[PDB]
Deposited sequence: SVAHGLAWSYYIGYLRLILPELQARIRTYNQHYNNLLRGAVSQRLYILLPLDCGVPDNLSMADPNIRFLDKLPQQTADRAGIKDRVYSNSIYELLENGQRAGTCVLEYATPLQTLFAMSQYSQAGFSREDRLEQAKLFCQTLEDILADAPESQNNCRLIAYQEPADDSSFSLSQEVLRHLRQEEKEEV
């Protein structure tokens, strides 16, 4: 049942506060700070929600097709996404950082929290957060959760492709 508190704190202490000014920050960046000869940053906050709760310290180390470009002024980061070796999209991207509690609990023997318990709580965190965001006034076509289970076959999943599928739905 840890997922409920994780989802509510993440929304009420972070997403609720950053989503209202996000569009204005992206528009300011695109007009005044972005380099001339490249794409504009897309408008939504893209949140990576790996169901395995594996949150890396560097997105480029997780996928070489996701490259840091800049900080979004006014901490959020802009990345370029590659496909077939070329630039395919630019967006504000980050992980659902409360998943780190679920990961750490699965590694702490006193929690009595298995990998199966972790997966169940990650799914509940995603479901609860989606329900909150659906009813939230701050979420106005400006946030997208990217929840994913990684197949056993490495070749059948690309993190950059997962973000690109959502970005192309804009």
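**Q** Give the ranges of the deposited sequence, numbered from 1, for which the structure holds no C-alpha coordinates, in sequence order.
**A** 75-87, 184-188 are the stretches of the deposited chain that have no C-alpha coordinates in the structure.
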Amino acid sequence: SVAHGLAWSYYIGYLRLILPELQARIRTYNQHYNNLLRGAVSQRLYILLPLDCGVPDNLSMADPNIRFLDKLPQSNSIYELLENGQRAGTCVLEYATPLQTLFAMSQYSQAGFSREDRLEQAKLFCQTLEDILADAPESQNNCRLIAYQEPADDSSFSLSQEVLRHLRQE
From here on, numbers count along this sequence of modelled residues.
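**Q** On average, are the C-alpha B-factors higher in 34-42 or in 116-124?
**A** So the stretch with the higher mean C-alpha B-factor is 34-42.
**Q** Going by the B-factors listed in the PDB entry, is the mean over the C-alpha atoms higher for 52-60 or for 103-111?
**A** Stretch with the higher mean C-alpha B-factor: 52-60.
**Q** By the entry's C-alpha temperature factors, tell me which of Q86, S77, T97, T90 sits highest.
**A** Spelled out: the listed residue with the top C-alpha B-factor is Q86.
**Q** Please rank the C-alpha B-factors of the chain's modelled residues and tell me whether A134 sits in the lowest, middle or highest third.
**A** Its C-alpha B-factor belongs to the highest third of this chain's values.
**Q** Tell me, lowest, middle or highest third: where does the Cα B factor of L164 rank within its chain?
**A** Ranked within chain, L164 CA B lands in the middle tercile.
**Q** Report the third (lowest, middle or highest) to which the CA temperature factor of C143 belongs, ranking only the modelled residues of the same chain.
**A** Tercile = highest for this residue's CA B-factor.
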